[PDB]
Amino acid sequence: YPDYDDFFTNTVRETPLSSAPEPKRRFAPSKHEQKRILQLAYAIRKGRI
Amino acid sequence: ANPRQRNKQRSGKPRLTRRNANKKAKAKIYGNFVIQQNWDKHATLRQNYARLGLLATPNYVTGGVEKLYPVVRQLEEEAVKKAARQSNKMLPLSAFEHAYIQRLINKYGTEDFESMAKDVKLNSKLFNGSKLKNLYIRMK
Amino acid sequence: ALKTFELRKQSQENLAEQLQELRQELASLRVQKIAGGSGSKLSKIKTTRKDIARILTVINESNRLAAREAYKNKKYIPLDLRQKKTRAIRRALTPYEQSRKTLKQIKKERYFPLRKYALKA
Amino acid sequence: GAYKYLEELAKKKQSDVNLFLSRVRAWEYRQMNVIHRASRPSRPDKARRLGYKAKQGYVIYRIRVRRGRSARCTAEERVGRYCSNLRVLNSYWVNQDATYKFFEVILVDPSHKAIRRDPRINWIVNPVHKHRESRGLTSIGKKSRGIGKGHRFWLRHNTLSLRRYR
Amino acid sequence: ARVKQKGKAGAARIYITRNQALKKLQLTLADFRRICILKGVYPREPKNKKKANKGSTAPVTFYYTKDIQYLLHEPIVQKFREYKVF
Amino acid sequence: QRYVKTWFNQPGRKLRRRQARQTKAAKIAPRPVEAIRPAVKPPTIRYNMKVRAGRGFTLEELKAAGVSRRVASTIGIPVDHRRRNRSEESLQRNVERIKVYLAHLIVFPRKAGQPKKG
Amino acid sequence: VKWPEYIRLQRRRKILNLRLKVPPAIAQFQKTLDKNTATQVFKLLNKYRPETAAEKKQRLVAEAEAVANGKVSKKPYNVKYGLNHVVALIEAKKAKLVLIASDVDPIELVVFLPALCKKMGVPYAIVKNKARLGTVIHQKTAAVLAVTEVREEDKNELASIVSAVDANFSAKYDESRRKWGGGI
RNA sequence: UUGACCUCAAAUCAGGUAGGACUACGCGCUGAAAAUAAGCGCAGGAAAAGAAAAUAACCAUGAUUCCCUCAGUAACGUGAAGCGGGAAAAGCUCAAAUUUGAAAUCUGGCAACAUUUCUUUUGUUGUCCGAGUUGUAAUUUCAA
RNA sequence: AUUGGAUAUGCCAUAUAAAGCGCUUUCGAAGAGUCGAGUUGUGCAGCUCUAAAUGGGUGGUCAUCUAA
RNA sequence: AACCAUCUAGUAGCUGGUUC
RNA sequence: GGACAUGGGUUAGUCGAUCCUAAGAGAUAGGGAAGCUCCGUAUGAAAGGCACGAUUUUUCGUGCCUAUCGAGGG
RNA sequence: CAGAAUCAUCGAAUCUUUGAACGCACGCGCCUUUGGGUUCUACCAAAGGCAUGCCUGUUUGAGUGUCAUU
């Protein structure tokens, strides 16, 4: 039972792990709520909600 | 012989006679109405296809052919007719889009599709330049 | 021979009593057979013994149609009223469930279905 | 995603962490019943990749078998007999000790509307899939009975093809 | 037939005590009183006490078994549990 | 010389398959009974001088011939994600196999989906 | 007192953990955040609770009726939860503070988390009990939470808390996290 | 003092499902004096196999099954396989990458509304409870 | 009397969307008590030990395939 | 140990018969 | 004729069984077994009900006690 | 011998005791409701119920299992 040895985590890794860019999803208003909204409007127009 | 078949041999219950057999069970044609009119309910399918001018198969026939002696135009005009009737693939703009592209064009000129894309307030949806032109040409 | 179309437009308790009557003569008719009877009476046993069956069939048809209407448009209905086709038919996938496709499989046959074409010659 | 870390942590089966957990867990299971249901997979990545989703209809059972055929193959057939209304999807190794090997067995309900309506596990509802484990159709079944594409893997021999115009 | 046992009919059968009526309906005392208040339910003193108490002597309140069995199918009893759920 | 296979059903298997051909194309009339296969070279020294039908046209054969993978299976042109053109000879023999096919093809129009608004 | 087979199982298992020589990576999940900072951490967290499925509908109907008659916003600020989602955030260095449930059942799930958060330099703490973290997000249980970005109004409060977690969790212990737990 | 959960129960709890039969052909497992018989388990109108951790050594082939041929050859009296000709052809789905500007997903209860081999069948819509972030949808499957 | 699939035509339709293909100054996750080594029972299985990432498998340095 | 149906038309160097 | 033909005849609150256990069989809890199956029945089983109370937050508090078949018994 | 049919067809029913066989055994009970009697706190009858393994959900819980509440 030796003391815990950190041969990798003793340093802080500055760059993010992933290199891929940020897709425009995370800057534009949600598309998924838009499907919900337009389905919600349709029921209101057709008299379901 | 089996008890099961001896049951209805020594039983009094009439069989379930099912009348099914047809010599030359040449299946009649459904699907296309043009071919169904001009089918020959006697001749074989490979004769009928060659009679109409339709290639039964594009690949070589793995046997013999038939040597007894030592519609396609209709399908063509029908085809181009339907392509003409269902041709207007162009789509209009919904009232939202009608305002959506108008506010972008009323402020970024009309041809600077790279500038409208970079806009953060009016181009809220972050539509790329290729779709901005698509919405533009769709307006006219 | 009570006609069934006459019976089936009666009332429930009206059919209940006629059944109560129909037991009596058939009970009496058999009594005369063991004590000795004529040919006409002996033949009349069979007709009455079917006339009980006709009435009882009419009662059940009325009673079950009441349950069928009372249970019309409910999620769960009595087992004696449901479909009885085959144990395997009942446990097999419904056509709606067999018809189900993933959203990916709905895009594939939407934009790229099977075409109708023709090879010229 | 953590399922990357978990899988690379399940490779080291004798490190300080795994050794402690194996002895700690193998003790827990040996107090519990031989075939006992699990409230969740003890390996949420291995079960994940074999066809388990955290949704109603998917059932995890844990079973121990003595050491000394194939243990994974017995784990299927013993649980497939235990929950006789449930289909056997897959199974995996969770732990072992000097006497037993422990497995978890992924089962699905053919009778559940959340299963009967999802078109990625609709197939197992079909009648042909009754008791797959009893017929060598699970992965351990297909591997064991030589089912495999390659050169490594009866009536065609001892018959006479006595044709008509011979 | 067998020798019929004591207290299998009559005043030892219809008359049922409060504690038994609790465990027959599966209720706590406070709910039992509530459904006794809402319905028309009241103790009825048997003519022969020790006969009606399986030979016991202690003072106990009694109810008609017919009365308790009516409370078994009362639809409001469910609305007591639905409030325990709520 | 135990259990024997005797071929008294050979003439009835000949017709069973003929009727299956008759039943099939009658369901899909205008289109041929079979797909187009490529022409490929057998993989040996006893057979590399002959040409025989392949399994389908590789990704590059259709890309040069002018059909994408998705629309090539609809109009009846099987694809072969395994096979690949190691020499320009096989590419040209099969590119012009699809060229004559796409010339002899009459793709009938389908039904469109036209929403009331845009 | 004959115990049930499962009461005996619960208690023997608890005794077993304190007796064995726990590995260091599992030993750190026994020395956790104190109580005063725990309520302070959750005081902030309970500002950024994600809206419930009840609120997410009542809001979206309001837009629907606005569209249905006649008719844009700011980024929704809330707390990030979910193991895969959070583990990605640390790696993408989008997380400001990570709170790790102390008692996750298969400990494989979070055993690597303190090392990873240390590796990317994300200030982390091991908060007591998952059900506390569950109620913040309106769930039965959360294996891990993470604060990724707060409004400017509470930016000062988060900075104050982060320095406390540094001083009370990581400044303390630290060395004790590298010793085999248990053996008592 | 009050509550979250975790695990474990109980119920004539609400709704469901399993068993036994037939067994010509199917898939296992066990096994004699042939991988046979007998034994054991399990299915369907077919089963199994199946979209290469595959051949080959070419100008290369291209899931599986089946027929002919290979061939009584090769290898070691047993007894192949590839290629070759045919029959038929159809491809695909997950796990592993953050929906994070929004669990977008689903079972169930009730309420309605339709539909029906069908008053027996099958769903949609709303609504409440739950399932689920220890991961349900959308997206992707290496051909990318 | 039930029905299969097409055709014509009517009525609704969430299209604020979804999909194919050019292009890339960006990236490309890929299944472990399993492969495998030693021995034992008749390719698989048991025991003992136990992996890797241009890695691994299978063929003749190349070719081919990408298991669990 | 006996019995039963299978393997099974088990095993023949041998006995008996084998048709105008 | 015990043959066949054709009919008739066994009446129970108090007589017996049904009620009980013995040796043992024996399901279950469990555990083996590739498997038909095997062991196990006191076994590391949450294994059966009683009373009290103006009703207790109008959401139950407090207190007590610890299978089954099988013919001489009735 | 003394709208028929010792008919056909078959989409509606009936389907005794059993048997996987399922309240317990190879006769004995329990549960809910309903009824009867020129007999009504007794008796009797009737209809409908009570097998085990498992799954989803539900309700009632157990725990010196985990933790919280100035």
# chains A, B, ... in the order shown; residues from 1 in each chain; ligands from 1
call {"tool": "select_by_dssp", "arguments": {"residues": "segment 26-83 of chain B", "states": "helix (DSSP H, G or I)", "output": "number ranges by chain"}}
result
B: 33-37, 45-52, 72-83
call {"tool": "interface_residues", "arguments": {"of": "chain H", "to": "chain G", "cutoff": "12 Å", "atoms": "only C-alpha atoms (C1' of nucleotides)", "output": "list in words"}}
result
residues 3, 4, 5, 6, 7, 8, 9, 97, 98, 99, 100, 101, 102, 103, 104, 128, 130, 131, 132, 133, 134 and 135 of chain H
call {"tool": "atom_distance", "arguments": {"atom1": "atom CA of residue 59 of chain D", "atom2": "atom CA of residue 145 of chain G"}}
result
27.7 Å
call {"tool": "residues_around", "arguments": {"residues": "segment 3-20 of chain J", "least_positions_apart": "3", "cutoff": "9 Å", "atoms": "only C-alpha atoms (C1' of nucleotides)", "output": "PDB file with N, CA, C and O atoms (P, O5', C5', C4', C3', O3' and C1' of nucleotides), in the first residue's frame"}}
result
ATOM      1  P     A H  33     -18.779 -47.897 -27.593  1.00  0.00           P
ATOM      2  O5'   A H  33     -19.275 -49.360 -27.975  1.00  0.00           O
ATOM      3  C5'   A H  33     -19.550 -50.316 -26.963  1.00  0.00           C
ATOM      4  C4'   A H  33     -20.498 -51.385 -27.448  1.00  0.00           C
ATOM      5  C3'   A H  33     -20.140 -52.054 -28.766  1.00  0.00           C
ATOM      6  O3'   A H  33     -19.151 -53.060 -28.630  1.00  0.00           O
ATOM      7  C1'   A H  33     -22.419 -51.452 -28.794  1.00  0.00           C
ATOM      8  P     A H  37     -28.922 -39.862 -34.999  1.00  0.00           P
ATOM      9  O5'   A H  37     -29.997 -40.941 -34.541  1.00  0.00           O
ATOM     10  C5'   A H  37     -30.075 -42.207 -35.170  1.00  0.00           C
ATOM     11  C4'   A H  37     -30.249 -43.312 -34.159  1.00  0.00           C
ATOM     12  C3'   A H  37     -31.034 -42.961 -32.908  1.00  0.00           C
ATOM     13  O3'   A H  37     -32.437 -42.990 -33.115  1.00  0.00           O
ATOM     14  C1'   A H  37     -29.085 -44.161 -32.318  1.00  0.00           C
ATOM     15  P     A H  38     -33.401 -41.970 -32.333  1.00  0.00           P
ATOM     16  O5'   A H  38     -33.185 -42.331 -30.802  1.00  0.00           O
ATOM     17  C5'   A H  38     -33.711 -43.528 -30.258  1.00  0.00           C
ATOM     18  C4'   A H  38     -33.227 -43.739 -28.849  1.00  0.00           C
ATOM     19  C3'   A H  38     -33.437 -42.578 -27.896  1.00  0.00           C
ATOM     20  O3'   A H  38     -34.752 -42.465 -27.394  1.00  0.00           O
ATOM     21  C1'   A H  38     -31.229 -43.305 -27.707  1.00  0.00           C
TER      22        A H  38
END
call {"tool": "closest_atom_pairs", "arguments": {"of": "chain C", "to": "chain L", "cutoff": "8 Å", "atoms": "only C-alpha atoms (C1' of nucleotides)", "output": "Markdown table"}}
result
| residue | atom | partner | partner_atom | distance |
| --- | --- | --- | --- | --- |
| C:39 | CA | L:2 | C1' | 6.3 |
| C:57 | CA | L:13 | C1' | 6.7 |
| C:60 | CA | L:13 | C1' | 7.3 |
| C:61 | CA | L:13 | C1' | 7.2 |
call {"tool": "write_last_selection", "arguments": {"atoms": "N, CA, C and O atoms", "output": "PDB file, in the first residue's frame"}}
result
ATOM      1  N   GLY C  39     -96.872 -41.445 -29.560  1.00  0.00           N
ATOM      2  CA  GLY C  39     -95.807 -41.033 -30.460  1.00  0.00           C
ATOM      3  C   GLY C  39     -95.724 -39.529 -30.636  1.00  0.00           C
ATOM      4  O   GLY C  39     -94.630 -38.963 -30.709  1.00  0.00           O
ATOM      5  N   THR C  57     -80.244 -19.258 -26.061  1.00  0.00           N
ATOM      6  CA  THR C  57     -79.355 -18.575 -26.992  1.00  0.00           C
ATOM      7  C   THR C  57     -79.716 -17.103 -27.112  1.00  0.00           C
ATOM      8  O   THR C  57     -78.833 -16.241 -27.176  1.00  0.00           O
ATOM      9  N   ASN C  60     -78.530 -15.082 -23.937  1.00  0.00           N
ATOM     10  CA  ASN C  60     -77.092 -14.831 -23.918  1.00  0.00           C
ATOM     11  C   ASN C  60     -76.698 -13.780 -24.944  1.00  0.00           C
ATOM     12  O   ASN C  60     -75.904 -12.882 -24.646  1.00  0.00           O
ATOM     13  N   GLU C  61     -77.244 -13.874 -26.157  1.00  0.00           N
ATOM     14  CA  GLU C  61     -76.954 -12.865 -27.169  1.00  0.00           C
ATOM     15  C   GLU C  61     -77.339 -11.479 -26.676  1.00  0.00           C
ATOM     16  O   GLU C  61     -76.610 -10.507 -26.901  1.00  0.00           O
TER      17      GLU C  61
END
call {"tool": "interface_residues", "arguments": {"of": "chain D", "to": "chain G", "cutoff": "9 Å", "atoms": "only C-alpha atoms", "output": "list in words"}}
result
residues 1, 2, 3, 5, 6, 9, 10, 16, 17, 18, 20, 21, 24, 27, 28, 31, 32, 41, 42, 43 and 44 of chain D
call {"tool": "interface_residues", "arguments": {"of": "chain C", "to": "chain H", "cutoff": "12 Å", "atoms": "only C-alpha atoms (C1' of nucleotides)", "output": "number ranges by chain"}}
result
C: 64-85, 87-91, 93-97, 101-105, 108
call {"tool": "closest_atom_pairs", "arguments": {"of": "chain K", "to": "chain D", "cutoff": "12 Å", "atoms": "only C-alpha atoms (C1' of nucleotides)", "output": "tab-separated table"}}
result
residue	atom	partner	partner_atom	distance
K:29	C1'	D:33	CA	11.3
K:30	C1'	D:33	CA	9.0
K:31	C1'	D:34	CA	9.1
K:32	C1'	D:66	CA	10.1
K:33	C1'	D:78	CA	10.7
K:34	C1'	D:69	CA	6.5
K:35	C1'	D:77	CA	10.7
K:44	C1'	D:31	CA	9.8
call {"tool": "write_last_selection", "arguments": {"atoms": "C-alpha atoms (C1' of nucleotides)", "output": "PDB file, in the first residue's frame"}}
result
ATOM      1  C1'   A K  29     -36.195 -21.222   2.145  1.00  0.00           C
ATOM      2  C1'   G K  30     -32.011 -22.376   0.126  1.00  0.00           C
ATOM      3  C1'   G K  31     -27.835 -25.080  -2.709  1.00  0.00           C
ATOM      4  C1'   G K  32     -26.143 -28.216  -6.328  1.00  0.00           C
ATOM      5  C1'   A K  33     -26.710 -29.763 -11.833  1.00  0.00           C
ATOM      6  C1'   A K  34     -24.489 -28.928 -19.162  1.00  0.00           C
ATOM      7  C1'   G K  35     -28.967 -31.006 -18.232  1.00  0.00           C
ATOM      8  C1'   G K  44     -27.894 -17.579   8.420  1.00  0.00           C
TER       9        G K  44
END
call {"tool": "atom_distance", "arguments": {"atom1": "atom CA of residue 110 of chain F", "atom2": "atom CA of residue 91 of chain B"}}
result
17.7 Å
call {"tool": "closest_atom_pairs", "arguments": {"of": "chain L", "to": "chain D", "cutoff": "9 Å", "atoms": "only C-alpha atoms (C1' of nucleotides)", "output": "tab-separated table"}}
result
residue	atom	partner	partner_atom	distance
L:53	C1'	D:82	CA	7.1
L:54	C1'	D:83	CA	4.9
L:55	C1'	D:109	CA	6.5
L:56	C1'	D:56	CA	6.9
call {"tool": "residues_around", "arguments": {"residues": "residue 12 of chain A", "least_positions_apart": "3", "cutoff": "12 Å", "atoms": "only C-alpha atoms (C1' of nucleotides)", "output": "VMD selection string"}}
result
(chain A and resid 8 to 9 15 to 17) or (chain G and resid 91 93 115 to 123)
call {"tool": "write_last_selection", "arguments": {"atoms": "C-alpha atoms", "output": "short mmCIF file (atom, residue, chain, number, x, y, z; two decimals), in the first residue's frame"}}
result
data_model
loop_
_atom_site.label_atom_id
_atom_site.label_comp_id
_atom_site.auth_asym_id
_atom_site.auth_seq_id
_atom_site.Cartn_x
_atom_site.Cartn_y
_atom_site.Cartn_z
CA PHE A 8 0.72 12.49 -14.91
CA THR A 9 -1.57 14.89 -13.03
CA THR A 15 -5.20 23.49 -23.82
CA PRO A 16 -8.67 21.92 -24.02
CA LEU A 17 -8.63 18.20 -24.68
CA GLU G 91 -11.98 18.50 -20.72
CA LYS G 93 -12.28 23.61 -19.75
CA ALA G 115 -7.57 13.33 -11.04
CA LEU G 116 -9.09 14.72 -14.24
CA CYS G 117 -10.29 17.94 -12.61
CA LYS G 118 -6.86 18.36 -11.05
CA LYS G 119 -5.30 17.72 -14.47
CA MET G 120 -7.30 20.44 -16.22
CA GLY G 121 -7.08 22.77 -13.21
CA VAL G 122 -10.82 22.86 -12.45
CA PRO G 123 -11.52 23.57 -8.75
#
call {"tool": "interface_residues", "arguments": {"of": "chain C", "to": "chain F", "cutoff": "9 Å", "atoms": "only C-alpha atoms", "output": "number ranges by chain"}}
result
C: 108, 111-121
call {"tool": "residues_around", "arguments": {"residues": "segment 87-97 of chain D", "least_positions_apart": "5", "cutoff": "8 Å", "atoms": "only C-alpha atoms (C1' of nucleotides)", "output": "ChimeraX atom specification"}}
result
/D:22-23,25-26,42-43,46-47,50-51,72,75-76,80,102-110,124,129-133,138-139 /I:33
call {"tool": "atom_distance", "arguments": {"atom1": "atom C1' of residue 64 of chain L", "atom2": "atom CA of residue 38 of chain G"}}
result
25.2 Å
call {"tool": "residues_around", "arguments": {"residues": "segment 14-28 of chain I", "least_positions_apart": "5", "cutoff": "8 Å", "atoms": "only C-alpha atoms (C1' of nucleotides)", "output": "count of residues only"}}
result
17
call {"tool": "closest_atom_pairs", "arguments": {"of": "chain A", "to": "chain H", "cutoff": "6 Å", "atoms": "only C-alpha atoms (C1' of nucleotides)", "output": "tab-separated table"}}
result
residue	atom	partner	partner_atom	distance
A:26	CA	H:101	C1'	5.7
A:29	CA	H:101	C1'	4.8
A:30	CA	H:101	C1'	4.9
A:32	CA	H:104	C1'	5.4
call {"tool": "write_last_selection", "arguments": {"atoms": "N, CA, C and O atoms", "output": "mmCIF file, in the first residue's frame"}}
result
data_model
loop_
_atom_site.group_PDB
_atom_site.id
_atom_site.type_symbol
_atom_site.label_atom_id
_atom_site.label_comp_id
_atom_site.auth_asym_id
_atom_site.auth_seq_id
_atom_site.Cartn_x
_atom_site.Cartn_y
_atom_site.Cartn_z
ATOM 1 N N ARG A 26 -24.307 26.350 -30.213
ATOM 2 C CA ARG A 26 -24.100 26.938 -28.902
ATOM 3 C C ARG A 26 -24.055 28.456 -28.929
ATOM 4 O O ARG A 26 -23.683 29.066 -27.923
ATOM 5 N N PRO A 29 -30.188 30.682 -30.904
ATOM 6 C CA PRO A 29 -31.302 30.181 -30.096
ATOM 7 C C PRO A 29 -31.682 28.767 -30.506
ATOM 8 O O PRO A 29 -31.539 28.370 -31.663
ATOM 9 N N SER A 30 -32.156 28.006 -29.524
ATOM 10 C CA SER A 30 -32.325 26.568 -29.681
ATOM 11 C C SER A 30 -33.252 26.234 -30.839
ATOM 12 O O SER A 30 -34.333 26.811 -30.975
ATOM 13 N N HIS A 32 -34.324 23.051 -31.084
ATOM 14 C CA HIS A 32 -35.203 22.023 -30.544
ATOM 15 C C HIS A 32 -36.436 22.634 -29.899
ATOM 16 O O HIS A 32 -37.533 22.074 -29.994
#
call {"tool": "residues_around", "arguments": {"residues": "residue 92 of chain F", "least_positions_apart": "6", "cutoff": "12 Å", "atoms": "only C-alpha atoms (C1' of nucleotides)", "output": "PyMOL selection string"}}
result
chain F and resi 38-40+57+60-62+64-65+85-86+98-99
call {"tool": "select_by_dssp", "arguments": {"residues": "chain E", "states": "strand (DSSP E or B)", "output": "PyMOL selection string"}}
result
chain E and resi 15-17+62-64
call {"tool": "write_last_selection", "arguments": {"atoms": "C-alpha atoms", "output": "PDB file, in the first residue's frame"}}
result
ATOM      1  CA  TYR E  15     -71.199  -8.731  16.825  1.00  0.00           C
ATOM      2  CA  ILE E  16     -67.627  -7.693  16.025  1.00  0.00           C
ATOM      3  CA  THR E  17     -65.455  -5.516  18.233  1.00  0.00           C
ATOM      4  CA  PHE E  62     -69.316  -3.844  19.473  1.00  0.00           C
ATOM      5  CA  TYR E  63     -70.576  -3.303  15.936  1.00  0.00           C
ATOM      6  CA  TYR E  64     -72.729  -5.251  13.516  1.00  0.00           C
TER       7      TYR E  64
END
call {"tool": "interface_residues", "arguments": {"of": "chain B", "to": "chain A", "cutoff": "8 Å", "atoms": "only C-alpha atoms", "output": "PyMOL selection string"}}
result
chain B and resi 124-126
call {"tool": "write_last_selection", "arguments": {"atoms": "N, CA, C and O atoms", "output": "PDB file, in the first residue's frame"}}
result
ATOM      1  N   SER B 124     -30.309  36.440 -36.246  1.00  0.00           N
ATOM      2  CA  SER B 124     -30.314  35.714 -34.979  1.00  0.00           C
ATOM      3  C   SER B 124     -30.111  34.220 -35.193  1.00  0.00           C
ATOM      4  O   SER B 124     -29.372  33.573 -34.443  1.00  0.00           O
ATOM      5  N   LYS B 125     -30.749  33.658 -36.220  1.00  0.00           N
ATOM      6  CA  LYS B 125     -30.691  32.224 -36.475  1.00  0.00           C
ATOM      7  C   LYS B 125     -29.321  31.756 -36.943  1.00  0.00           C
ATOM      8  O   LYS B 125     -29.109  30.542 -37.045  1.00  0.00           O
ATOM      9  N   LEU B 126     -28.405  32.679 -37.249  1.00  0.00           N
ATOM     10  CA  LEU B 126     -27.047  32.343 -37.680  1.00  0.00           C
ATOM     11  C   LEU B 126     -27.052  31.566 -38.995  1.00  0.00           C
ATOM     12  O   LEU B 126     -26.279  30.625 -39.183  1.00  0.00           O
TER      13      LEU B 126
END
call {"tool": "decode", "arguments": {"residues": "segment 104-119 of chain B", "atoms": "N, CA, C and O atoms", "output": "PDB file, in the first residue's frame"}}
result
ATOM      1  N   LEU B 104     -33.050  41.964 -43.201  1.00  0.00           N
ATOM      2  CA  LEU B 104     -31.627  41.809 -43.479  1.00  0.00           C
ATOM      3  C   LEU B 104     -31.219  42.583 -44.725  1.00  0.00           C
ATOM      4  O   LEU B 104     -30.122  43.150 -44.779  1.00  0.00           O
ATOM      5  N   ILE B 105     -32.087  42.618 -45.736  1.00  0.00           N
ATOM      6  CA  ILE B 105     -31.725  43.266 -46.991  1.00  0.00           C
ATOM      7  C   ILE B 105     -31.939  44.772 -46.909  1.00  0.00           C
ATOM      8  O   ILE B 105     -31.275  45.536 -47.619  1.00  0.00           O
ATOM      9  N   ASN B 106     -32.842  45.226 -46.042  1.00  0.00           N
ATOM     10  CA  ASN B 106     -33.069  46.654 -45.892  1.00  0.00           C
ATOM     11  C   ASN B 106     -31.926  47.351 -45.176  1.00  0.00           C
ATOM     12  O   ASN B 106     -31.942  48.583 -45.079  1.00  0.00           O
ATOM     13  N   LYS B 107     -30.948  46.607 -44.663  1.00  0.00           N
ATOM     14  CA  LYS B 107     -29.880  47.217 -43.881  1.00  0.00           C
ATOM     15  C   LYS B 107     -28.480  46.813 -44.294  1.00  0.00           C
ATOM     16  O   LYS B 107     -27.548  47.586 -44.036  1.00  0.00           O
ATOM     17  N   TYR B 108     -28.294  45.682 -44.974  1.00  0.00           N
ATOM     18  CA  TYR B 108     -26.981  45.264 -45.452  1.00  0.00           C
ATOM     19  C   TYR B 108     -26.893  45.261 -46.976  1.00  0.00           C
ATOM     20  O   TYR B 108     -26.238  44.399 -47.567  1.00  0.00           O
ATOM     21  N   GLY B 109     -27.550  46.218 -47.614  1.00  0.00           N
ATOM     22  CA  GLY B 109     -27.560  46.240 -49.064  1.00  0.00           C
ATOM     23  C   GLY B 109     -28.254  44.995 -49.566  1.00  0.00           C
ATOM     24  O   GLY B 109     -29.228  44.547 -48.971  1.00  0.00           O
ATOM     25  N   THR B 110     -27.753  44.415 -50.648  1.00  0.00           N
ATOM     26  CA  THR B 110     -28.425  43.259 -51.224  1.00  0.00           C
ATOM     27  C   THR B 110     -27.465  42.164 -51.633  1.00  0.00           C
ATOM     28  O   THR B 110     -27.857  41.004 -51.740  1.00  0.00           O
ATOM     29  N   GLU B 111     -26.209  42.513 -51.863  1.00  0.00           N
ATOM     30  CA  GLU B 111     -25.283  41.507 -52.369  1.00  0.00           C
ATOM     31  C   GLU B 111     -24.214  41.079 -51.376  1.00  0.00           C
ATOM     32  O   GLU B 111     -23.466  40.148 -51.684  1.00  0.00           O
ATOM     33  N   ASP B 112     -24.106  41.712 -50.209  1.00  0.00           N
ATOM     34  CA  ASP B 112     -23.032  41.411 -49.261  1.00  0.00           C
ATOM     35  C   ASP B 112     -23.465  40.276 -48.332  1.00  0.00           C
ATOM     36  O   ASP B 112     -23.689  40.450 -47.134  1.00  0.00           O
ATOM     37  N   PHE B 113     -23.563  39.082 -48.917  1.00  0.00           N
ATOM     38  CA  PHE B 113     -24.046  37.928 -48.169  1.00  0.00           C
ATOM     39  C   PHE B 113     -23.070  37.490 -47.089  1.00  0.00           C
ATOM     40  O   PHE B 113     -23.476  36.800 -46.148  1.00  0.00           O
ATOM     41  N   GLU B 114     -21.798  37.868 -47.203  1.00  0.00           N
ATOM     42  CA  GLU B 114     -20.867  37.610 -46.114  1.00  0.00           C
ATOM     43  C   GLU B 114     -21.112  38.551 -44.943  1.00  0.00           C
ATOM     44  O   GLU B 114     -20.934  38.158 -43.787  1.00  0.00           O
ATOM     45  N   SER B 115     -21.528  39.790 -45.219  1.00  0.00           N
ATOM     46  CA  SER B 115     -21.772  40.744 -44.142  1.00  0.00           C
ATOM     47  C   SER B 115     -23.015  40.376 -43.341  1.00  0.00           C
ATOM     48  O   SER B 115     -23.009  40.460 -42.108  1.00  0.00           O
ATOM     49  N   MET B 116     -24.093  39.974 -44.021  1.00  0.00           N
ATOM     50  CA  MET B 116     -25.311  39.595 -43.310  1.00  0.00           C
ATOM     51  C   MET B 116     -25.073  38.385 -42.417  1.00  0.00           C
ATOM     52  O   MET B 116     -25.614  38.306 -41.309  1.00  0.00           O
ATOM     53  N   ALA B 117     -24.271  37.428 -42.887  1.00  0.00           N
ATOM     54  CA  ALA B 117     -23.961  36.262 -42.068  1.00  0.00           C
ATOM     55  C   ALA B 117     -23.245  36.663 -40.786  1.00  0.00           C
ATOM     56  O   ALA B 117     -23.543  36.136 -39.709  1.00  0.00           O
ATOM     57  N   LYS B 118     -22.301  37.602 -40.879  1.00  0.00           N
ATOM     58  CA  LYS B 118     -21.557  38.022 -39.698  1.00  0.00           C
ATOM     59  C   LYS B 118     -22.420  38.788 -38.708  1.00  0.00           C
ATOM     60  O   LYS B 118     -22.038  38.907 -37.539  1.00  0.00           O
ATOM     61  N   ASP B 119     -23.564  39.313 -39.142  1.00  0.00           N
ATOM     62  CA  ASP B 119     -24.423  40.070 -38.243  1.00  0.00           C
ATOM     63  C   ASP B 119     -24.924  39.185 -37.111  1.00  0.00           C
ATOM     64  O   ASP B 119     -25.328  38.039 -37.324  1.00  0.00           O
TER      65      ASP B 119
END
